[PDB]
Amino acid sequence: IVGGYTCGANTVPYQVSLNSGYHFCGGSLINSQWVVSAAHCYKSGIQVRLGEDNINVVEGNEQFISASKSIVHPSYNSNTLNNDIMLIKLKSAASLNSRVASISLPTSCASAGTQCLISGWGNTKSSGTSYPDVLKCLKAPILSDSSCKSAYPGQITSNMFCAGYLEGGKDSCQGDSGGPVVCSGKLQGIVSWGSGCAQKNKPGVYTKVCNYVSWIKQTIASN
Ligand SMILES: [Ca+2]
């Protein structure tokens, strides 16, 4: 996250870190056994780390649980990042508490103008590289479809929305991918892509979760 703030330990209790020897992607806990992330985050050997603040120090609220199954969306296209969403089932159920908690799925889509909370352990510089150990947060509005399409001609599908600031300086970044965009207590986006980070006229592009709730629910009901 560029231009954000230190969330505070365990204040984003649905935030997960995906670990394959090192943090490489965010996710969101959506019930005791399932994590939503970005399909472009797919790899084998995933350990899900819940209850994290400092990803480099064992602080006492962590739960580390191996992935038993990953399911990338049936229609994911890695070239266009259309349908940039995947589900991860945990080998055992997380113990849900005040610091490890699921995030509600939306019943309706967010609209342009709604402020949202975006979080992750991604890069904090737009012209440089510095990775935080503790979780970083950013409050950002959804942008209109037209201004999203105008920022990225020929690239925005109906499964994508933009959020952030056209003026630059505040965005998600590399290593935030897969993580949450939460608006009024509902998971409305997944950190997906963008041209650099926090660049003028190049806001963050997010997977539009409301389009996938049917798929998420049916997948969870059969796996
Ligand atoms: Ca830790």
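Listed values, structure above:
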| quantity | calculated |
| --- | --- |
| Of residues in the range 114-127 being farther than 15 Å from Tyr14 by Cα and out of contact with any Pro (no Cβ under 6 Å at 6 or more places or on another chain), the one surrounded by the fewest Cβ atoms within 10 Å (Cβ to Cβ) | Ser127 |
| Within the range 137-177, considering residues that are closer than 14 Å to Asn82 by Cα and among the small types (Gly, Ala, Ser), the one surrounded by the fewest Cβ atoms within 10 Å (Cβ to Cβ) | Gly154 |
| Residues of the range 57-85 that turn out to be away from the ligand (no atom under 11 Å from the Cβ) and either in contact (Cβ under 8 Å) with a residue 40 or more places away in the chain or closer than 30 Å to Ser195 by Cβ (or both), as a count | 17 |
| Filtered residues of the range 7-48 (kept if in contact with an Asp or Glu (Cβ under 6 Å, 6 or more places away or on another chain) and either without any contact (Cβ under 8 Å) to a residue 60 or more places away in the chain or under 13 Å from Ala94 (Cα atoms) (or both)) | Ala39 |
| Residue list for the range 200-218, restricted to those being touching a strand residue (DSSP E or B) at 6+ places or on another chain (Cβ under 9 Å) and closer than 14 Å to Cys148 by Cα | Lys202, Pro203, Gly204, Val205, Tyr206, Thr207, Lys208 |
| Strands (runs of 3 or more DSSP E) enclosed by the range 160-204 - at least 3 residues per element that are out of contact with any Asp or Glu (no Cβ under 9 Å at 6 or more places or on another chain) | 180-183, 186-193 |
| Residue among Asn83, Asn61, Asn56, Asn31 that alone is surrounded by 14 or more Cβ atoms within 10 Å (Cβ to Cβ) and within 23 Å of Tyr131 (Cβ to Cβ) | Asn61 |
| Members of the range 37-56 that are outside any strand (DSSP E or B), within 16 Å of the ligand (Cβ to nearest atom) and either among the β-branched types (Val, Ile, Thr) or over 16 Å from the mean Cα position of the chain (by Cα) (or both) | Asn54, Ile55, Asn56 |
| Qualifying residue in the range 199-206 (condition: of a type in the set (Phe, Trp, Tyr) and touching a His at 6+ places or on another chain (Cβ under 9 Å)) | no |
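Don't worry about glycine lacking a Cβ; one is built from the backbone with ideal geometry, like all the others, and counts go over all protein chains shown. Here, each number is a calculation from the coordinates, and none is a lab measurement.
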